[PDB]
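>>> give me a model of this one.
(3 chains, ligands or ions: 1)
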Amino acid sequence: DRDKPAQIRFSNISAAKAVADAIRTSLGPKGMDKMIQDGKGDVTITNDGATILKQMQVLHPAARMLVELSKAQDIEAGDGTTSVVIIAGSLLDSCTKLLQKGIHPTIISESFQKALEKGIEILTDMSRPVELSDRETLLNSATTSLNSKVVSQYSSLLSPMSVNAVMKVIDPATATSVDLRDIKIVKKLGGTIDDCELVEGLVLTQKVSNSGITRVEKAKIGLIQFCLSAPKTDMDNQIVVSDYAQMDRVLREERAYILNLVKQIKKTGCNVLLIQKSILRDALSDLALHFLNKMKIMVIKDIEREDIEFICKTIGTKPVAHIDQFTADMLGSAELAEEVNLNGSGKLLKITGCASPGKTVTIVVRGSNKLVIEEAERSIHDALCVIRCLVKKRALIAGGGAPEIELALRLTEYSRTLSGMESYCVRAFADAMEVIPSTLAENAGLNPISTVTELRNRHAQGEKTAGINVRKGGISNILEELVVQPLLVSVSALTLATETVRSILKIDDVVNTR
Amino acid sequence: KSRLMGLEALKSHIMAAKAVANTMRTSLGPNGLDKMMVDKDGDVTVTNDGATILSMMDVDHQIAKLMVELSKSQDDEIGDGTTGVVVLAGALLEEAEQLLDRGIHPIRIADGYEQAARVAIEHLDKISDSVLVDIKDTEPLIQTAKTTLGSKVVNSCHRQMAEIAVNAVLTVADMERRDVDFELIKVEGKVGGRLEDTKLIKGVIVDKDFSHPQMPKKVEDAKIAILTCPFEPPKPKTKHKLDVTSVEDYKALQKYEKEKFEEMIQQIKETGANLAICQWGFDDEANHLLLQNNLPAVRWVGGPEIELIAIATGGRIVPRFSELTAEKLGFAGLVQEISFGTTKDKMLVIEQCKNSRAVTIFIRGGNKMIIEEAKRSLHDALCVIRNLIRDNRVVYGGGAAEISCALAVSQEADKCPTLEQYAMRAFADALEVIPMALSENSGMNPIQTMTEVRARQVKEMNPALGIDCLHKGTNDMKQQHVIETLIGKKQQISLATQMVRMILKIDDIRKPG
Amino acid sequence: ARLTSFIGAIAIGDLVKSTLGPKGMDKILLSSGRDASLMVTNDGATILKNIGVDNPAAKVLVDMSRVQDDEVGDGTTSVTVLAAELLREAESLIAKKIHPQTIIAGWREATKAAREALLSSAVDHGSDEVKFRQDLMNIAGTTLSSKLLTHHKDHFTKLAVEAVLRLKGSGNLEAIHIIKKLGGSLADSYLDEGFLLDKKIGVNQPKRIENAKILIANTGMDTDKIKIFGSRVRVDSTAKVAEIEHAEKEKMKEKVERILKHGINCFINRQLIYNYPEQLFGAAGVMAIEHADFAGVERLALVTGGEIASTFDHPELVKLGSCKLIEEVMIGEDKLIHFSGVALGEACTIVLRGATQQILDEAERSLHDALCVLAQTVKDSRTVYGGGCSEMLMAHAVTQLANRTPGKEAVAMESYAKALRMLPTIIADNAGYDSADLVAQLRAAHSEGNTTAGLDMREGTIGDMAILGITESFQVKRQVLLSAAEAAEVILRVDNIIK
Ligand SMILES: Nc1ncnc2c1ncn2[C@@H]1O[C@H](COP(=O)(O)OP(=O)(O)O)[C@@H](O)[C@H]1O
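Residues are numbered from 1 along each chain as shown, chains lettered A, B, ... in the order given. Here you go:
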């Protein structure tokens, strides 16, 4: 009937509001910390919203939908994964009082879609475009958008890695980017972090052997995937062992059995073999390794699946399996190998990979004490992420609360100008846009209502004036502070929030189960 | 556990009997609604049968068990009419408990009911008709079939199946000294065509249930043959499998089976045999191997079915394989395959027999309830035609017989010494429950219609006035061509009287209290 | 008293009551057990199929709805709502001390009057090609206007029309077959003159095959045919396995030599082929196709007059087909075998793209409705108006007929006419407009003398249905009414205890 769907909608709205209010005092650089307690008694201090959203667990359709929305927002854009929850909560709080009066959800959804389209068009018409066909303007935009993510010393430390990673000019200013398609940043322990340089081909870190000379050029990779494990017995001891007889049998089975397979395999050119991880093999027979020491020995272990996928994509080959194989589709490229250490500990080999169809290049970073390596990794990750976000479009704008107030005033004037019963619903959107500046003013340590009123008055008087400052603690113009953000991080977020609100509003009736 | 002493046991028994009869009192007549049934699973069916409903009925009383046992044990001589007897017994028990409250022994009423039923039968034997010849049972055949079947499974009429069922009994009645056997006629049912495709198998029809219709099968036979010697490797009633500890015996057995096939076909070609059916068989692989080459023949003929194969030919059998000739077999007339679907299996219909001992009917359907209703109507028609050929005496139906019997009982028992009026009047006035219930099942008032028909029957003569359940013109009985057998009514009255006497006799105490 | 089965059958109809009209309500179906799933649906058939009840009348109604959905198109929610309304009316009619026989007679009379009014009101003005074209276009637009998804409807409608119009009045349902394939964009449509497969063995096998000639060889390597070259195993030692393997290898090599000397280039089959015979065929130079579907070979042999080899029986009796051009063009995101170079344009398969699901079901339903309405109106066009026009006329005819029959069955006809005037009310209520005023205006317009009057869904007004352009089928409404009447007569006749 009508009471059951109304109660279901009220319960869903209450659950969504509780989920949104469980975390709210964390937006901005001056956010509060939270100590999450584990099930065993361990406590962990954190302040990121994504970690708290992915760590906690709760069974509810609205909570699962919000988690999926946050995950999609973090995957698509990559920044600002906490404002969408507040936007959805404000929209649901507005829809609550909209439905309390007696309005059909179809008109409310149409008004929300119209308001979203108007806000998107206003954000696109207000933002200013830039250029990026050359390298000077691109480097200027990079150094202008990179000096506002972390602290000053960390920024100065990551600037060399940033300008080394931004030099990867492969796509000639296309529509989309492939920064997540052919990038494999490895990590190496030991040495100095200053010894970093872009490396093509392939980089490994496992010792080949320990014999005489191993400086050859035979494809430098063994395309083999068949089983190399020893045939396991049916039980411990099949018979009674004491004197000879049984000793000679096992001796011949250990010496004159796998050696025949090694001989029949080594009859083909390019004697390069390897193996994957030693997660299922108990112990490898060293007699086979001693017999393989002659006529050139080359073996590399500790190989994962991602390494195989990277090698099969950079070179441009396909692995083969099975034993009955009389083809010749397993060779590679021969150029140069056999590398030594770079004045320090830790074995690491590099291959530049000359004359190869795949121009994939990675960055080999280092560090010490496992303290500046992960930080630099996260820094270059955020760097290439914001670089891809900037190269995806061309529009940019500054943050602080001014665009939110501008959009709220525009929606208010549009609802005042546009006629129809839906305009009231549009007015609800006008009351669901002044949450970020109020939260920022509350977290800064000033009066939020007075600051919001002053910002609204300044926007109504001189259009584009200033916003909300954090370092100084007042109202200063943003043009002096080097801080900007792309337009996609707002447009995509607003569209996703509107879609989630429409999906959670269109779902009602009864919730049957099995 | 206390013992029920006094009159509480009889009251509880009568209450249980009334509660049981209240279920059958609702469904009475052709205008009754469909009663539903469901087991433990999700099988929900709907039907209207006095025996099928009483069969799957769960009760917690020995009296109800005895009642349903007596109702099920008597159903082969009446056919249709196992519902009014329960209502009559319930009304009689109600009258008995009403008359017993004044302080009357049940022996008196139990003895009075005997002579009441006796005089009722004596009066019903004199109010009938005996002017049926070779035309009165042949011309109103369509009317009798319409009154027996009705309009439940098919709105339109059916004349083919009725005439077929009539001829199937006429070809056996006068041929075996005006006698018929129940084991001679059989009822077969299989889905396929429509209901109008009713076939009368003069001989015997046998199915084979094939496995692959795409296999080439050409009919080319003209003489049947019956044998008892192992025509092929037989199956001695034991599930044979791979019980050979060898690897080369399979090919040897296959070659031996091929040589046996060749020898058998050469013998049946040099002697003149064709479709030779034995009493053994093998797996489907041997049948496929035999049907792959030439000469089509299918095995799998195990069971008692061979018995009919020993009666649909005409002769004897051979005790030894080395005793075959051109005269020890049996000649045939027209033995071929029949398959109206031309997409399923085949059937064999014997068209050569010196006697009629396996005549059957074949009716096609499209579901599960329509075929069941058709077979029930066919069984009812067979029962009524058997009752007709057993005795050429019928009576009119509706609700006039009970009223006439009650009036005659009153007129002949108005005189009483001290107990010849109470029990007889309690048996007489309780006979008007069937017409009252039949009139109440429709949309008319039963009391007014019953009083009007009673006044019309007591004013003038011709006791052939009742009620109409189809809403027509007048309330006559000789114009609607409605008839009912008298032997069935006699049997129903006798069964009701016996049940009432057995209930009124066993009523002392109970052990499990 | 009788109320349990009635309530159980009425409550099962109110669950999908909000799923009527183009602007329907959505709901989720939470699953139990180990993993709790979550999905969004917008159709009553999927909800009725993924549910479990225990009442006899409810089970009978569910079975009848499933049978009707398997028969015609999307006839499951309307019949259920009509049966629920009829049962709700019959309950109140019985509660007023009324015999069920009079109610059944009145319902039969009302159904007969409605059928007569529907048969007497049928248009027949289609003596041109453009008329049939616009009629099919309007039918497809009315059928595709049930989910309210304005993204890619016109192109899909035109594609379906072009695919269903190529039959040219040919009565067949095994020629046109659709497949399931995702990946790409919604604005991507590929047109071809043949069909594709659904599985590829790889690329290691040679793809250069000339002289196309289809040869269906049902040679089984593990079905125990005539003259077994091998044997079983004994109980003596463990050396017979090598002999069995050698026998199987020589038997399969003899079969390969036979199939090579018989003359073949593109081997296709449907049995289970092991790795050794497949590798032998690949090394020989013949491409072998394994793991075939249950309807690909059948539809390939049906359109060419061919058939299976009957598990190796008569190799010189089964007629085989041949093609001209067979290649493997990399289209979309998968490599499939093409079937071009033929003169039979009856069997076609249009591949689809996009990043959404639950489209093949509605596509097949629309194609079924289209070919049904094409084979029904081959030479006699019979179409009616929609938007709540035939129901109002039927109710008016029933009300007019329920006035010259003195007796007691007029109340049943009145209840039937009242229950028949409820679908437009629910349709208008599901959108968000005043349903009472619209229903009153429609009734006044129908009683004044206007057989062409309907309601609008874009603005919520009352206009003409013959000017905008909207129609539907003719036998669908008749079948719906017949099924509803049959279900009502079946359920109403039961009132005794459930035993
Ligand atoms: N330098 C700055 N000056 C003013 N506001 C800032 C500055 N840096 C960040 N902010 C504000 O902080 C908000 C984001 O805070 P937070 O949630 O911690 O980061 P994220 O959104 O990337 O998770 C933004 O809305 C932005 O307005």
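>>> buried residues, the helix or strand hosting residue C:107. List them.
Here residue C:107, judged by DSSP states H and E, is contained in helix C:100-120. For helix C:100-120, burial by neighbour count (16 or more other CB atoms under 10 Å in any protein chain shown) applies to C:100-111, C:113-114, C:117-118. Bear in mind the C-beta positions are built from the backbone N, C-alpha and C, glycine included.
>>> can you tell if it touches chain B?
Yes. For helix C:100-120 and chain B, the contact criterion (CB under 8 Å from any CB of the partner chain) is met by C:100-102.
>>> residue in the stretch 51-200 of chain A nearest to the ligand?
Closest contact between the stretch 51-200 of chain A and the ligand, by CB to the nearest ligand atom, is at residue A:80 (4.0 Å).
>>> and for that residue, the neighbour number?
17 (other CB atoms under 10 Å in any protein chain shown).
>>> show me chain C divided up by domain.
For chain C, CATH domains of a matching chain gives the domain ranges C:1-124+C:381-499, C:125-199+C:338-380, C:200-337.
>>> buried deepest among those, which one?
domain C:1-124+C:381-499 (a mean of 17; mean count of other CB atoms under 10 Å in any protein chain shown).
>>> stretch C:51-61: end-to-end distance?
13 Å (CA to CA, to the nearest Å).
>>> which residues are contacting the helix holding residue C:107?
Identification of contacts with helix C:100-120 by CB atoms under 8 Å, 6 or more residues apart in numbering or on different chains yields B:31, B:33, B:442-443, C:86, C:90, C:93-94, C:384, C:390, C:393-394, C:397-398, C:401-402, C:405, C:407-413, C:415-417, C:420, C:477-478, C:481-482, C:485, C:488-489, C:492-493, C:495.
>>> phi, psi of the residue of chain C positioned farthest from its centre?
In chain C, the residue that sits farthest from the middle, by CA atoms, centre = their mean, is residue C:236; the gap is 59.7 Å. In terms of degrees, to the nearest 10, the main-chain angles of residue C:236 are phi -150, psi -40.
>>> from residue B:401, how far off is it?
Distance, residue C:236 to residue B:401, using CB to CB, to the nearest Å: 88 Å.
>>> where do the helices sit along the stretch 151-300 of chain C?
Along the stretch 151-300 of chain C, counting by DSSP state H, counting those that start in this stretch, helices occupy C:154-165, C:240-261, C:275-284, C:296-302.
>>> contacting residues for the residue farthest from the centre of chain C?
No contacts exist for residue C:236 under CB under 8 Å, 6+ apart.
>>> residue of the stretch 251-400 of chain C closest to the ligand, please.
Closest to the ligand within the stretch 251-400 of chain C is residue C:355: 28.2 Å, counting by CB to the nearest ligand atom.
>>> helix, strand, or coil at residue B:170?
helix (DSSP: H, G, I helix; E, B strand; the rest coil).
>>> that one: neighbour count?
Close neighbours of residue B:170, defined as other CB under 10 Å, add up to 16.
>>> how near is it to residue B:339?
Distance from residue B:170 to residue B:339, by CB to CB: 30 Å.
>>> mind listing the helices for the stretch 51-200 of chain A?
Along the stretch 51-200 of chain A, counting by DSSP H, counting those that start in this stretch, helices occupy A:61-76, A:83-101, A:105-126, A:136-145, A:152-165.
>>> what's the answer for the stretch 251-400 of chain A, then?
According to DSSP H, counting those that start in this stretch, the helices that the stretch 251-400 of chain A contains are A:258-265, A:286-292, A:305-311, A:373-392.
>>> tell me the centre residue of the chain?
I'll assume chain A. Residue closest to chain A centre, computed by CA atoms, centre = their mean, is residue A:75 at 6.6 Å.
>>> that was the other one, I meant chain C.
Using CA atoms, centre = their mean, the most central residue of chain C is residue C:365, at 3.6 Å.
>>> for chain C, what's its nearest residue on the stretch 151-300 of chain B.
Closest contact between the stretch 151-300 of chain B and chain C, by CB to the nearest CB, is at residue B:247 (3.7 Å).
>>> what residues does that residue make contact with?
With CB under 8 Å, 6+ apart, residue B:247 has these contacts: C:231-234, C:240.
>>> in three-state terms, label it for me.
Three-state call for residue B:247 (three-state DSSP): coil.
>>> near chain C, which residues of the stretch 251-400 of chain B?
Residues of the stretch 251-400 of chain B lying near chain C (CB under 8 Å from any CB): B:251, B:289, B:292.
>>> what is the burial count for the first one?
Right, residue B:251. 14.
>>> and the last one, by the same measure?
When neighbours are defined as other CB under 10 Å, residue B:292 has 12 of them.
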